[PDB]
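See below for the structure under consideration.
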Amino acid sequence: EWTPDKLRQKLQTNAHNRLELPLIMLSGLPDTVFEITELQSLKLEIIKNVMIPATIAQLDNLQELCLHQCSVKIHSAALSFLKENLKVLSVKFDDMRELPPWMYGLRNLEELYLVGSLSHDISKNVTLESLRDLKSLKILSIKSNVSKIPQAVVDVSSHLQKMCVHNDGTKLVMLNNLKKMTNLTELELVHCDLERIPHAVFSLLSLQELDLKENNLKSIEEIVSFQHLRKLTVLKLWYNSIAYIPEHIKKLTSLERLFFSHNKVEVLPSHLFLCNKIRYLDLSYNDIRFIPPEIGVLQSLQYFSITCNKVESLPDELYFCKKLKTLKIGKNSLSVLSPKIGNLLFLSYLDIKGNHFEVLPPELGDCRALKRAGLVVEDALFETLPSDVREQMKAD
Amino acid sequence: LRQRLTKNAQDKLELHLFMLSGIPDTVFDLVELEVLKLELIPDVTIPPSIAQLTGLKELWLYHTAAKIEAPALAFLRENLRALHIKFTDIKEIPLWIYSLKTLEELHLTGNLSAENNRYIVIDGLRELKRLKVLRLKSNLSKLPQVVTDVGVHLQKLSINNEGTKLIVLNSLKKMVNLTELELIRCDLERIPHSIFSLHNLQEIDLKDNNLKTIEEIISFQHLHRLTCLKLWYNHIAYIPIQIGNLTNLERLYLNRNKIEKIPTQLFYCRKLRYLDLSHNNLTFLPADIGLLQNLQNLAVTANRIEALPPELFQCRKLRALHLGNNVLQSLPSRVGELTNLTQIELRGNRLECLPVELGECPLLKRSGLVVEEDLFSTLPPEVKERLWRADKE
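The listed protein sequences correspond, in order, to chains V and R. Using our numbering, you'd call the opening residue of the first sequence number 1 and step up by one each time. Using our numbering, you'd call the opening residue of the second sequence number 1001 and step up by one each time.
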């Protein structure tokens, strides 16, 4: 049925920029798969009871597998070859049998994407506790209900660099495992049902990027020990219910990426602006009433998204900072736009859609890095501009 | 058969006959067919109805023991011009291939080296006169004397031994008409001097020859016509400065090597157009890349380059900037000055956000701009509308 020509014309690329075969709705693998030796990945979607032959040895370029609802078996020499060749895996398990026990037998694994539906009996998974066999595993994305962190995660404490969980409404407990992370750099706890910051997250000592998205954090209080995360530059805390940012964020002087958008903060603090190292500050769709005038310290800020907030008064101190490149104030509560905007030499993004304005000043022509495609304004207010001012951003 | 017709890389009409009892006569009734592909056809005879196959120019023989009719033999003598022969046994090759006179491209893939059949079977390629392309994926321990006899008219010698070293013995001096030499997977471990004795070569490929050192290239100025030095898939850990003497290079394929630093002398060559240094150990990119104005596709995929210098965007002819799988922290806005850019690869990088000026490139589209979806979302929805429209329009 599946000639090699059909598989050659089936060939395409995946989300990881690899040559992937999306084998979907089949009974097994064809033997003409292995004639395409240039393949780098196979997407097996709902192909159960599959026995992989040794002819996979012809797939020298293969470095990725993506098993989607497939209860696949492998043969011994094929197992050895994929042990000596494979780097990336991504297995989804709608049913437990669809997760294969053979896949942990490799040792050259770097990246793993363990999406699926794990049972709450997590510590009983000896198949999980075989990730200690993997001597190069650095990316571990478990999109499943991980209530209690496995000791499988303990066994890969050092070699791991990216740790991702989508717990999907289950509380993340047994914190001593995440205390045992030594060389982990990227902790991505997306929707782990964290009622606050866990003490495990704070016992990290080598973190660089922390994401607590969709985690109902109550406060950011323990920050007296975030100073030990001098390696941290990325703080991802948006789509949350945080209502305030205390002064304690001054502890980290290496913070660059700060996310606080879609939060319950009603007034932005000035002591948040006291830190000047912060280059990325995201606060879109917040409830901020006004910006205190201490934001002038934030000179290195290249991203201040205050768009779709409740902000009615914008101080002139923010326009003193000229390094702000990506600035979005769209759908805000402003009344007039500040004439002094020309000092922002590096300003590519300006978004003012939805916000009520009386008359667009000619000083919008004073922006140098602004572009007409970068200046998202309505057609009616596009008409309310001088022709030279129109051409200033329209003509490249 | 009409719906079975396809097209090859050479834009010729194609027909792949795989695992049939014989060969259909309705295949031979076709007139628009150009390349017929005989794969795994056990012991068939070619009917003279090949007189209908006037556009037929490439006979592809894969494991096919073919017997031949005399009028069809004459027709193939006067029409057929490209024959590819793959065989498992040295008796599987047809003996009427020597009677072909219009044949110029031959692809003898499969072991020609056997006891008392080592190049004695193909000793009949002396009868071949117009042969210019001779691909040999045949595990040759030593290069034949028969190609030393033939190479006066040969113009391309692609030898794949799949792991067997050639004892060249400078025997290419009698082979003076080569314009291309593709020594692939030969495990040479050194560049021999036969390529150096030649003068007419313009495309030199030394793929997977385990070239640890390439210090000989100082003499490559003697080769005044070389334009594509494909020194890829080797063990090259550094580039000697005498490559600066090679001003005639246009494509320098050094990808999948162990080179960790580019000397600035390599950056003297103004004629470089395809600087592919992907899958290497480069940690920084020198600014002198702005001097290389003729560069079009700079592929530094899967390197250690953390920051692109602004001088990289001095060269306005960059058509395909393959920056994927690198450690690029941020891409500077000077890419908005580039116009020839058609496909830029940024997925798999440390890129924090996509700058707005990336939308300034006219010919760039979504298929060209391959990037992670969240990285795509960082562009303004009006700029994102422009790029999505370039996908649409």
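C-beta: ideal position from N, C-alpha, C; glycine also.
- Where V:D211 meets chain R, residues with beta-carbon distance less than 9 Å: The residue labelled residue 211 of chain V in the question sits at position 211 within the first sequence. The contacting residues do not exist; V:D211 stays about 12 Å from chain R at best.
- Task: Would you verify that the beta carbon of V:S348 is, or is not, closer than 9 Å to some beta carbon of chain R?
- Result: Counted from its first residue, the first sequence places residue 348 of chain V at position 348. Judged by the 9 Å Cβ criterion, V:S348 is in contact with chain R.
- Task: Can you say whether V:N176 is buried or exposed, counting buried as having 16 or more other CB atoms within 10 angstroms of its CB?
- Result: For the purposes of this step, residue 176 of chain V is taken as the residue at position 176 of the first sequence. Exposed, because fewer than 16 other Cβ atoms sit within 10 Å of the Cβ of V:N176.
- Message: Which complete alpha helix (DSSP H) runs does the stretch 261–329 of chain V hold, if anything under 4 residues is left out?
- Response: Look at the stretch 261–329 of chain V and you find these whole runs of alpha helix (DSSP H), each 4 residues long or longer: 270–274.
- Item | V:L268 vs V:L283 beta-carbon contact at 9 Å | What you label residue 268 of chain V is simply residue 268 of the first sequence in a count that begins at 1. What you label residue 283 of chain V is simply residue 283 of the first sequence in a count that begins at 1. Against a cut-off of 9 Å, the Cβ pair of V:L283 and V:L268 comes out as a contact.
- Message: Let's see if you can read the secondary structure: which residues bound the beta strand (DSSP E) around V:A77?
- Response: Along the first sequence, read from residue 1 onward, the residue named residue 77 of chain V stands at position 77. Per DSSP, V:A77 is not a residue of any beta strand (DSSP E); the alpha helix (DSSP H) it occupies stretches across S76 to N85.
- Item | Partner residues on chain R for V:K394, Cβ-Cβ distance less than 8 Å | Locating residue 394 of chain V in the first sequence gives position 394, where the first residue counts as 1. Ordered by position in chain R, no residue passes the 8 Å Cβ test against V:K394, which lies about 12 Å from the chain.
- Query: When you compare only the Cα positions, how much space is there between R:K1174 and R:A1320?
  - Reply: By one-based count along the second sequence, residue 1174 of chain R stands at place 174. By one-based count along the second sequence, residue 1320 of chain R stands at place 320. R:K1174 and R:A1320 have their alpha carbons spaced roughly 41 Å apart.
- Message: Counting only Cβ pairs nearer than 8 Å, list the residues of chain V close to R:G1163.
- Response: The residue given as residue 1163 of chain R occupies position 163 in the second sequence. In chain order: nothing, as chain V lies at least about 14 Å away.
- Message: I'd like to check one pair, R:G1348 with R:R1386: are the Cβ atoms closer than 9 Å?
- Response: For the purposes of this step, residue 1386 of chain R is taken as the residue at position 386 of the second sequence. For the purposes of this step, residue 1348 of chain R is taken as the residue at position 348 of the second sequence. Contact flag unset, no.
- Query: Residue range of the alpha helix (DSSP H) that R:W1388 falls in?
  - Reply: As a position in the second sequence, residue 1388 of chain R is number 388, starting the count at 1. Run containing R:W1388: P1381 to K1392, per the alpha helix (DSSP H) assignment.
- Give the C-beta separation of V:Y303 and V:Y280 to the nearest angstrom, bearing in mind that I take them to be a contact with Cβ-Cβ under 8 Å. Along the first sequence, read from residue 1 onward, the residue named residue 303 of chain V stands at position 303. Along the first sequence, read from residue 1 onward, the residue named residue 280 of chain V stands at position 280. V:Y280 and V:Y303 do touch by the CB rule: their CB atoms are close to 4 Å apart, below 8 Å.
- If we cut at 9 Å on Cβ distances, does R:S1377 have a partner in chain V? Counting from one through the second sequence, the residue named residue 1377 of chain R turns up at place 377. With 9 Å as the cut-off, R:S1377 does not count as an interface residue toward chain V.
- Task: Would you check if the stretch 375–390 of chain V and the stretch 1013–1024 of chain R touch, i.e. whether three or more CB-CB distances between them fall below 8 Å?
- Result: The stretch 1013–1024 of chain R makes no contact with the stretch 375–390 of chain V; the number of CB pairs closer than 8 Å stays below 3.
- Could you tell me the boundaries of the beta strand (DSSP E) in which V:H120 lies? To locate residue 120 of chain V, count along the first sequence from 1; it is residue 120. That residue, V:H120, is in no beta strand (DSSP E); it is neither H nor E in DSSP.
- Message: Please confirm whether R:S1113 has its beta-carbon closer than 9 Å to some beta-carbon of chain V.
- Response: Numbered from 1 along the second sequence, position 113 holds the residue referred to as residue 1113 of chain R. No, its Cβ sits nowhere closer than 9 Å to a Cβ of chain V.
- Query: Which partner residues does V:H68 have in the DSSP bridge list?
  - Reply: The count along the first sequence starts at 1 and reaches residue 68 of chain V at position 68. In DSSP, V:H68 forms a bridge with V:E45 and V:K92.
- Could you spell out where the alpha helix (DSSP H) holding R:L1073 opens and where it closes? Position 73 of the second sequence holds residue 1073 of chain R. Start and end: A1070 to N1079.
- Query: Between the beta-carbon of R:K1067 and the beta-carbon of R:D1043, is there less than 9 Å?
  - Reply: Here residue 1067 of chain R refers to the residue found at position 67 when the second sequence is read from its first residue. Here residue 1043 of chain R refers to the residue found at position 43 when the second sequence is read from its first residue. Between R:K1067 and R:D1043, the C-beta gap is smaller than 9 Å, which places the two residues in contact.
- Residues in the stretch 1363–1375 of chain R with C-beta within 9 Å of chain V's C-beta atoms, listed in sequence order? Listed by position along the chain: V1370, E1372 and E1373.
- Message: Tell me the residue span of the alpha helix (DSSP H) that contains R:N1160.
- Response: Position 160 of the second sequence, counted from the first residue, corresponds to residue 1160 of chain R. From DSSP, R:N1160 is part of no alpha helix (DSSP H) but of the beta strand (DSSP E) over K1156 to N1160.
- Message: Quick check: the Cα distance between V:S335 and V:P361, rounded to an integer number of angstroms?
- Response: Stepping through the first sequence from its first residue, residue 335 of chain V is reached at position 335. Stepping through the first sequence from its first residue, residue 361 of chain V is reached at position 361. In a straight line, the C-alpha of V:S335 is about 13 Å away from that of V:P361.
- Query: Which value, in whole angstroms, describes the spacing of the CA atoms of R:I1262 and V:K83?
  - Reply: Within the second sequence, the letter at position 262 stands for residue 1262 of chain R. Within the first sequence, the letter at position 83 stands for residue 83 of chain V. Looking at the two C-alpha atoms, the distance is approximately 34 Å.
- Item | Bridge-paired residues (DSSP) for R:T1006 | Taking the first residue of the second sequence as 1, we reach residue 1006 of chain R at position 6. Per DSSP, the beta-bridge partners of R:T1006 are R:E1014.
- Message: Restricting to Cα atoms, I'd like to know which of V:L364, V:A54, V:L232 and V:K48 is closest to V:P100.
- Response: Residue mapping note: residue 100 of chain V aligns to position 100 of the first sequence, counting from 1. When only C-alpha atoms are compared, the closest one is V:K48.
- Message: Assuming the contact rule is C-beta atoms closer than 8 Å, V:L11 and V:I52 should be a hit. Round their C-beta distance to whole Å, please.
- Response: The residue labelled residue 11 of chain V in the question sits at position 11 within the first sequence. The residue labelled residue 52 of chain V in the question sits at position 52 within the first sequence. 19 Å between Cβ atoms; not a contact.
- Item | Local Cβ density within 10 Å of R:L1040, reported as buried at 16 or more and exposed below that | The residue labelled residue 1040 of chain R in the question sits at position 40 within the second sequence. Exposed is the call here.
- Would you mind working out which of R:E1215, R:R1081, R:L1015 and R:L1323 sits nearest R:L1106, comparing C-alpha positions? In the second sequence, residue 1106 of chain R corresponds to position 106, counting from 1. Out of R:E1215, R:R1081, R:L1015 and R:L1323, the CA that lies nearest to the CA of R:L1106 is found in R:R1081.
- Task: Classify R:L1169 as buried or exposed, calling it buried when 16 or more other Cβ atoms lie within 10 Å of its own Cβ.
- Result: Indexing the second sequence from 1 puts residue 1169 of chain R at position 169. Exposed.
- Query: Under 9 Å between C-beta atoms, does R:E1352 make it to chain V?
  - Reply: For this step, residue 1352 of chain R is matched to residue 352 along the second sequence. With respect to chain V, the C-beta atom of R:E1352 has a partner C-beta closer than 9 Å.
- Return the Cβ separation of V:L232 and V:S254 in integer angstroms, given the expectation that the two are a contact with Cβ distance under 8 Å. Taking the first sequence and counting its residues from 1, the one referred to as residue 232 of chain V is at position 232. Taking the first sequence and counting its residues from 1, the one referred to as residue 254 of chain V is at position 254. Confirmed, Cβ separation roughly 6 Å.
- Query: What are the complete beta strand (DSSP E) segments, minimum 3 residues, inside the stretch 195–270 of chain V?
  - Reply: Fully contained in the stretch 195–270 of chain V are the following beta strand (DSSP E) runs of length 3 or more, in chain order: 209–211, 234–236 and 257–259.
- Message: Between R:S1333 and chain V, is the shortest Cβ-Cβ distance under 9 Å, so that the two count as touching?
- Response: Taking the first residue of the second sequence as position 1, residue 1333 of chain R is located at position 333. It does: the Cβ of R:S1333 has a partner Cβ on chain V nearer than 9 Å.
- Item | CA nearest to the CA of R:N1326, picked from R:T1342, R:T1301, R:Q1145 and R:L1312 | Working through the second sequence from its first residue, we reach residue 1326 of chain R at position 326. Nearest of R:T1342, R:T1301, R:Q1145 and R:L1312 to R:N1326, Cα basis: R:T1301.
- Query: Between which two residues does the alpha helix (DSSP H) carrying V:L381 extend?
  - Reply: Taking the first sequence and counting its residues from 1, one reaches residue 381 of chain V at position 381. Residues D379 to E383.
- Item | C-alpha gap between R:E1189 and R:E1306, whole angstroms | Within the second sequence, numbered from 1, the residue matching residue 1189 of chain R stands at position 189. Within the second sequence, numbered from 1, the residue matching residue 1306 of chain R stands at position 306. Answer to the nearest angstrom: the Cα atoms are 32 Å apart.
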